[PDB]
Amino acid sequence: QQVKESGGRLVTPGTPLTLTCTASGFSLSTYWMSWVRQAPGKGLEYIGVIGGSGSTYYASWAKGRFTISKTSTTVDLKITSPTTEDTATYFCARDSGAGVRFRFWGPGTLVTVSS
Amino acid sequence: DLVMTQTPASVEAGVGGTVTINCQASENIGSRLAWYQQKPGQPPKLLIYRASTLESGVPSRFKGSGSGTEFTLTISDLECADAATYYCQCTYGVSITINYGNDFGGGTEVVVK
Amino acid sequence: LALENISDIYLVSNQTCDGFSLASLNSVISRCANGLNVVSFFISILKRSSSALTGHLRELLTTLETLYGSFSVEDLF
């Protein structure tokens, strides 16, 4: 069982970018996928979470700017307007239903935002 | 959302010693915490969840303790492969009634010498 | 059956017959009740009487509501 996220490219500041995260080897479907951020050389920053029922929640600073929306097999992030301070590495953290044991972490795709 | 004042910023010990990390939640989150361990160039690995229950795969050395508003991790007999950054996360963030957020910690390097 | 004769309720989610959608009531005899109808009842009786919870049962309000919000119903085919 493992989680891989994919899709992150250099953008003109202001072009919307979406990242996808694919759950490859899980059996039960009771999941809380979560996206966290890490600017190069800083601590981790929390972005949002999506359930199996669709119940999405966001952090206090990442409200309005980000959008997490699932599909049949992926979980999609959407940065609405990537500014220059939004260059980071974006992780995907999946677990079981209890919402406390964020056990499986993807390797990371490095979004960079600068013209 | 709440803040996690993870103290200190960088600790220091030797092989066969013990370190302590403190982080203090601003509201009574009640034994819902998690401790990660991010080496340089890696995704974070879970160590302890619900602030005292070891993730299946960690050594018996790591320990965690506390409830209410103050929690701690106490790695023991520091091996050579312990130089990494240690974060604490408040996992009270998926509900509709209480929902105290899900912010991480500030970061603590644990360097041996 | 009815909760005049209900003592224990188990919510095993990994090693049961099928998964979270089955939860065994018992009293001794055991039954096989509905999963998302006992969890979606105990949320509705702790959130309703939220003025009397001792501080340990608020952990029951948070565990049952997280466990219920993660079940994808569209994969119950």
# chains A, B, ... in the order shown; residues from 1 in each chain; ligands from 1

$ closest_atom_pairs --of "chain A" --to "chain C" --cutoff "12 Å" --atoms "only C-alpha atoms" --output "JSON lines"
{"residue": "A:27", "atom": "CA", "partner": "C:14", "partner_atom": "CA", "distance": 10.7}
{"residue": "A:28", "atom": "CA", "partner": "C:19", "partner_atom": "CA", "distance": 8.2}
{"residue": "A:29", "atom": "CA", "partner": "C:72", "partner_atom": "CA", "distance": 6.5}
{"residue": "A:30", "atom": "CA", "partner": "C:71", "partner_atom": "CA", "distance": 4.7}
{"residue": "A:31", "atom": "CA", "partner": "C:70", "partner_atom": "CA", "distance": 5.6}
{"residue": "A:32", "atom": "CA", "partner": "C:70", "partner_atom": "CA", "distance": 6.3}
{"residue": "A:33", "atom": "CA", "partner": "C:70", "partner_atom": "CA", "distance": 9.7}
{"residue": "A:49", "atom": "CA", "partner": "C:70", "partner_atom": "CA", "distance": 10.8}
{"residue": "A:50", "atom": "CA", "partner": "C:70", "partner_atom": "CA", "distance": 8.5}
{"residue": "A:51", "atom": "CA", "partner": "C:70", "partner_atom": "CA", "distance": 4.8}
{"residue": "A:52", "atom": "CA", "partner": "C:72", "partner_atom": "CA", "distance": 4.3}
{"residue": "A:53", "atom": "CA", "partner": "C:72", "partner_atom": "CA", "distance": 4.7}
{"residue": "A:54", "atom": "CA", "partner": "C:72", "partner_atom": "CA", "distance": 8.0}
{"residue": "A:55", "atom": "CA", "partner": "C:69", "partner_atom": "CA", "distance": 6.6}
{"residue": "A:56", "atom": "CA", "partner": "C:69", "partner_atom": "CA", "distance": 9.8}
{"residue": "A:57", "atom": "CA", "partner": "C:69", "partner_atom": "CA", "distance": 11.5}
{"residue": "A:70", "atom": "CA", "partner": "C:72", "partner_atom": "CA", "distance": 11.3}
{"residue": "A:71", "atom": "CA", "partner": "C:74", "partner_atom": "CA", "distance": 11.4}
{"residue": "A:72", "atom": "CA", "partner": "C:74", "partner_atom": "CA", "distance": 9.5}
{"residue": "A:73", "atom": "CA", "partner": "C:75", "partner_atom": "CA", "distance": 11.3}
{"residue": "A:94", "atom": "CA", "partner": "C:70", "partner_atom": "CA", "distance": 11.4}
{"residue": "A:95", "atom": "CA", "partner": "C:70", "partner_atom": "CA", "distance": 10.1}
{"residue": "A:96", "atom": "CA", "partner": "C:70", "partner_atom": "CA", "distance": 8.3}
{"residue": "A:97", "atom": "CA", "partner": "C:67", "partner_atom": "CA", "distance": 5.0}
{"residue": "A:98", "atom": "CA", "partner": "C:67", "partner_atom": "CA", "distance": 5.1}
{"residue": "A:99", "atom": "CA", "partner": "C:66", "partner_atom": "CA", "distance": 6.2}
{"residue": "A:100", "atom": "CA", "partner": "C:66", "partner_atom": "CA", "distance": 9.3}

$ closest_atom_pairs --of "chain B" --to "chain A" --cutoff "6 Å" --atoms "only C-alpha atoms" --output "tab-separated table"
residue	atom	partner	partner_atom	distance
B:43	CA	A:107	CA	5.7
B:46	CA	A:103	CA	5.9
B:49	CA	A:101	CA	5.9
B:91	CA	A:100	CA	5.5
B:103	CA	A:46	CA	5.7
B:107	CA	A:43	CA	5.9

$ closest_atom_pairs --of "chain B" --to "chain C" --cutoff "10 Å" --atoms "only C-alpha atoms" --output "CSV"
residue,atom,partner,partner_atom,distance
B:29,CA,C:59,CA,9.9
B:30,CA,C:59,CA,8.2
B:31,CA,C:59,CA,9.6
B:32,CA,C:59,CA,9.5
B:92,CA,C:62,CA,8.5
B:93,CA,C:66,CA,9.2
B:94,CA,C:66,CA,5.9
B:95,CA,C:66,CA,5.6
B:96,CA,C:65,CA,7.8
B:97,CA,C:62,CA,7.7
B:98,CA,C:62,CA,7.6
B:99,CA,C:62,CA,8.6

$ select_by_dssp --residues "chain C" --states "helix (DSSP H, G or I)" --output "MDAnalysis selection string"
chainID C and resid 3:5 35:46 57:69 73:75

$ atom_distance --atom1 "atom CA of residue 60 of chain B" --atom2 "atom CA of residue 109 of chain B"
20.6 Å

$ atom_distance --atom1 "atom CA of residue 68 of chain B" --atom2 "atom CA of residue 28 of chain B"
4.8 Å

$ residues_around --residues "segment 32-41 of chain C" --least-positions-apart "4" --cutoff "6 Å" --atoms "only C-alpha atoms" --output "list in words"
residues 21, 22, 23 and 24 of chain C

$ residues_around --residues "residue 7 of chain C" --least-positions-apart "6" --cutoff "10 Å" --atoms "only C-alpha atoms" --output "list in words"
residues 25, 26 and 27 of chain C

$ select_by_dssp --residues "chain C" --states "strand (DSSP E or B)" --output "JSON, numbers by chain"
{"C": [8, 9, 22, 23, 25, 26, 30, 33, 34, 71]}

$ residues_around --residues "residue 18 of chain A" --least-positions-apart "4" --cutoff "9 Å" --atoms "only C-alpha atoms" --output "PyMOL selection string"
chain A and resi 7-8+76-80

$ write_last_selection --atoms "N, CA and C atoms" --output "compact mmCIF listing (two decimals), in the first residue's frame"
# COMPACT_ATOMS: atom_id res chain seq x y z
N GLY A 7 2.28 15.74 -10.79
CA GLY A 7 1.87 16.92 -11.51
C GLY A 7 2.20 18.19 -10.76
N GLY A 8 3.34 18.79 -11.08
CA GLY A 8 3.72 20.08 -10.54
C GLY A 8 4.77 20.68 -11.44
N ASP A 76 -7.63 15.68 -5.91
CA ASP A 76 -7.07 16.79 -6.65
C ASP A 76 -6.99 18.03 -5.79
N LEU A 77 -5.81 18.64 -5.74
CA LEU A 77 -5.66 19.97 -5.18
C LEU A 77 -5.82 20.97 -6.31
N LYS A 78 -6.22 22.19 -5.97
CA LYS A 78 -6.30 23.26 -6.95
C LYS A 78 -5.86 24.55 -6.28
N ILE A 79 -4.72 25.08 -6.71
CA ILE A 79 -4.29 26.40 -6.28
C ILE A 79 -4.94 27.40 -7.22
N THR A 80 -5.72 28.33 -6.67
CA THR A 80 -6.51 29.22 -7.52
C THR A 80 -5.63 30.26 -8.20

$ residues_around --residues "residue 74 of chain B" --least-positions-apart "5" --cutoff "12 Å" --atoms "only C-alpha atoms" --output "list in words"
residues 11, 17, 18, 19, 20, 21, 22, 35, 47, 48, 51, 52, 60, 61, 62, 63, 64, 65, 66, 86 and 110 of chain B

$ closest_residue --among "C:29, C:17, C:60, C:12" --to "residue 43 of chain C" --atoms "only C-alpha atoms"
C:60

$ atom_distance --atom1 "atom CA of residue 5 of chain B" --atom2 "atom CA of residue 33 of chain B"
13.4 Å
